[PDB]
Every structure is written in structure tokens, then in C-alpha cells.
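J.: Turn this into a model:
(chains A, B and C, ligands or ions: 1)
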Amino acid sequence: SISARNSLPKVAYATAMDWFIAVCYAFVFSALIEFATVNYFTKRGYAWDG
Amino acid sequence: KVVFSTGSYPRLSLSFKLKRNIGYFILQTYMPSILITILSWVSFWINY
Amino acid sequence: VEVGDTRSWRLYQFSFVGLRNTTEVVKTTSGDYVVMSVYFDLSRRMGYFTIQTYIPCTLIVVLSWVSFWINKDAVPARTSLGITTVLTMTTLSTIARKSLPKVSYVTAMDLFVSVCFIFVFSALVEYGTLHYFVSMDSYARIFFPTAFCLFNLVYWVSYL
Ligand SMILES: *[C@@H]1O[C@H](CO)[C@@H](O[C@@H]2O[C@H](CO)[C@@H](O[C@@H]3O[C@H](CO)[C@@H](O)[C@H](O)[C@@H]3O)[C@H](O)[C@H]2NC(C)=O)[C@H](O)[C@H]1NC(C)=O
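T.: Numbering: from 1, shown residues only, chains lettered A, B, ... in the order given. Sharing the structure here:
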């Protein structure tokens, strides 16, 4: 998001590339919240073995 | 007066004694380095 | 003074508010001269830095606050989250300073960066203190989002 904006001038509105990067950031952050909920609902701390 | 090989020439010189301001560097180099060396001392309290 | 359409103007982050013309007599070594001045009132628009440094840093310090939802026995996970947050807070402090010139005094953007940095550093030392105690997580689970929420009401009202 930083290295995509510097090719543009310092305009005061959001372009379509910014609206792509924002939604992609929302999905990545939602994957983080997904892991947060999964880790909160984790009981035993070991894993599994054959 | 300065002296060259062609003769002696008059000279005026205007000079300034600039002093650098410490405030920018003390928050963008010195303080990050101090806090980063603070962060390394967190390791000494963690279990081995 | 005749301005134009005020839209072909390449003023991007600013916006011409108005103009005022004045005249005065200055005194120099040679003599007194009539000086004519035109003042151009320009007011800035932050929409650019919101996506440059504000939102970006706010989402990093939101990612700082999810460490509390991770269990206390997962030590390398939470310390990896901590070290990544603090190194990227330093990185975003460095990057946002490139747009600013080399001035000595502090700005409101630098004050926001410093408040976010001390917030994430407080989060890391709180997790560290919890780890040394078990060898208050829920207590922070409310306090650390709320302290930034009251800060943003303090920060934006006082500067706007
Ligand atoms: C910045 O640097 C310059 C150059 O180093 C400094 O200029 C120097 O100033 C001193 C005194 O102001 C000069 O000394 C003079 O020497 C003559 C010799 O006959 C003497 O008659 C005078 O009474 C005086 O003592 C020195 O010559 C001069 N350097 C040069 C190369 O001309 C300057 O002071 C420094 N600081 C500032 C704030 O500019």
C-alpha cells in the first residue's frame, strides 16, 4: 500500500487501485481475526499423533 | 590580501558559524537506538 | 488580482481559500521602497496522509492488540508478533519522516507515531510482565483499546 501510492501524485481522493488494496487488506486482516477466534476456541495445547 | 603567482589581490571574506540542531536526530536516530537496546534486555528475563 | 477556474490549479492536497492584496513601505540600505504583496490563503486536505501514515499505523497498533487473545503459553508466537509490530512501527516512523523536511520540532503526525509506539511498547512489556508472573490479560483486553479510543477523541478535537 505504501509502494503503490508513490507512483501517483499526492492527490486527496482514493483511486480504484486503493479500493483494491483496501479490500485485499480487509481480507488479510479478516484472516488474522479468523486465527484469533480459532486460537481463542482452542482447549488442549498438544496436537495429534498417529 | 591573498598572493598568487600573477600578483597580490584584495580579499573580503564573509563567514557564518552554523550550529546543527540536535532535536531531529535525538528523536529519529538516538531514541530509536536507545529503545531498541532497551528491547534486547527483555530477553534476559525470559525463561531459558 | 484575477484568479482562474481554481480547478486547473495543480494544488492537490491544498485548496485556495481566498486572496488579499496589501501595500507597504520597506526601509533598506539604498532607500525606502514601495512593496506590494498578494497573500494566497491555502488550507490543507489530509485525505492523502490518512492512507499514508494514519490508517496504516492505526491498523498496525490494532494488530498489536490481538496478542491478548493469544494464549499465554504460546511464547514464540506472541514475541514474534511483538517484535514484528515494534520493528514495523520503527519502519513506518522512518518512512513517514521522509515526506517531512528536516525540521527540529515535533509535529502532530510525529506525536501520533510516538503515542502508537509507546502503546505497542506498553503492550509488549505488559505481555512480558504477565509471562514472568505466570512463570491482567483480560484487564488489558479492555484498557488498551479504550486508551487509544479516548486518545483519538483527544487528538482530533484538539488539532481540529
Ligand atoms: C570561520 O573561519 C574563518 C577562517 O578560519 C575565521 O576567520 C578568521 O578570523 C580571525 C579573527 O576573526 C582572523 O585572525 C586575524 O588575523 C590577523 C592577522 O594579521 C589579525 O591582524 C587580526 O586581528 C585577526 O586576529 C583570521 O585571519 C581569519 N581567517 C582567515 C583565513 O582569514 C572565522 O573567525 C571563523 N568564524 C566565524 C564565525 O566566521
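
J.: from here on, contacts and neighbour counts on C-alpha atoms
T.: Noted.

J.: Moving C-terminal from whichever strand or helix holds residue C:61, which element do we reach first?
T.: Taking DSSP states H and E as the criterion, residue C:61 maps to helix C:55-64. Per DSSP H and E, the first helix or strand lying C-terminal to helix C:55-64 is helix C:75-99.

J.: List the contacts of the helix holding residue C:61.
T.: Identification of contacts with helix C:55-64 by C-alpha atoms under 8 Å, 6 or more residues apart in numbering or on different chains yields C:50, C:81-82, C:85, C:89, C:92, C:113, C:116, C:119-120, C:123.

J.: now do stretch B:7-25
T.: For stretch B:7-25, using C-alpha under 8 Å, 6+ apart, the contacting residues are B:1-3, C:102-105.

J.: neighbour-wise, which of the residues you listed leads?
T.: Of all these, residue C:104 has the most neighbours under the rule other C-alpha atoms under 10 Å in any protein chain shown, reaching 14 neighbours.

J.: and that one, how far is that from the ligand?
T.: Distance from residue C:104 to the ligand, counting by C-alpha to the nearest ligand atom, to the nearest Å: 23 Å.

J.: for that residue, what are its contacts?
T.: By C-alpha under 8 Å, 6+ apart, the neighbours of residue C:104 are B:21-24.

J.: redo that, cut-off 6 Å
T.: Contacts for residue C:104 (C-alpha atoms under 6 Å, 6 or more residues apart in numbering or on different chains) come out as B:23-24.

J.: is it fair to say it lies in a helix?
T.: No - assessed by DSSP: H, G, I helix; E, B strand; the rest coil, residue C:104 does not belong to a helix; its assignment is coil.
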